[PDB]
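In structure tokens, one chain follows: the form deposited in one PDB entry.
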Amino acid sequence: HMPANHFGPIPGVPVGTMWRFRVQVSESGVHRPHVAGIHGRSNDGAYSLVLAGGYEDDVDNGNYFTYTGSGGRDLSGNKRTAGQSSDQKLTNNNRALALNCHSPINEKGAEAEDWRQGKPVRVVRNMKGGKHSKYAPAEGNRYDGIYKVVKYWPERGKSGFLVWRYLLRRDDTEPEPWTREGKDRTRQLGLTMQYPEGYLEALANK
């Protein structure tokens, strides 16, 4: 049983694994938080993240992608999501993710002196990210492997407010689940969409 602050792959969970709901991704240990896009500790780093089209500044290009930090939002009224209404800060999860980069934390942003030496980050792609990405799975959530933070920096987002941006690159020995090799691999391993026990039946009665 891996501790909550484990870095790297989760034993027994191969690249290409799929789950229908976020709570299922949590139970596997791959990505503990069931709502937040980032799982991290401000004095340690980020352990994993999910691409789900929640932030307009996100850019997905497969082996490379640009992630936005969280926050700069007014969640008053017991919300979990909203548009940008204030500038983001390099604290909490945003600070946790910056620490993965192989360079001293820099309030103004920084680049890695040999990205590969950075802390590994488990990445999950959710289907809501398919609206603006051809890498997103058609259904559910999919584990795509290990990535590293090549660099991060602040800049005015499409909303006009300041947002934190991270450039992540894949560093995994397993073929991408979206390539020919990946799709064959998933087939040879017999991986299939996992659903909560009783879910398919409950939804079939409808």
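Note that residue numbering follows the sequence shown and begins at 1. Under this definition, the rigid core comprises the largest set of C-alpha atoms superposing within 1.5 Å between the forms.
Per the compared records, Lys79 is unresolved in at least a third of the other entries whose models span it.
Per the PDB record, of the two stretches 169-177 and 138-146, 169-177 carries the greater mean B-factor over its C-alpha atoms. As the entry records it, the average C-alpha temperature factor is higher for 104-112, out of 67-75 and 104-112. In the PDB entry, a CA B factor belonging to the middle third of its chain's modelled residues is recorded for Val15. For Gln88, the recorded CA temperature factor ranks within the middle third of the chain's modelled residues.
Among all modelled residues in this chain, the alpha-carbon of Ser159 has a temperature factor (C-alpha) in the middle third. Among the modelled residues of its chain, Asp44 has a C-alpha B-factor that falls in the highest third, as given in the PDB entry. Ranked by Cα temperature factor within the chain, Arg125 sits in the lowest third according to the deposited record.
As for the form deposited in another entry, it is not shown, yet the points below apply to it.
When the two forms are superposed on their rigid core between the shown form and the other one, the C-alpha shift of 2 Å or more among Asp60, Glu174, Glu56, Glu27 belongs solely to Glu56. When two forms of a protein are overlaid on their rigid core, residues whose CA moves 2 Å or more are considered shifted, and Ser42 is not one of them between the shown form and the other one. Once both forms are overlaid on the rigid core, the distance between the two CA positions of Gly140 between the shown form and the other one is under 2 angstroms. Once both forms are fitted on their core, a CA shift of 2 Å or more is seen for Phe161 between the shown form and the other one.
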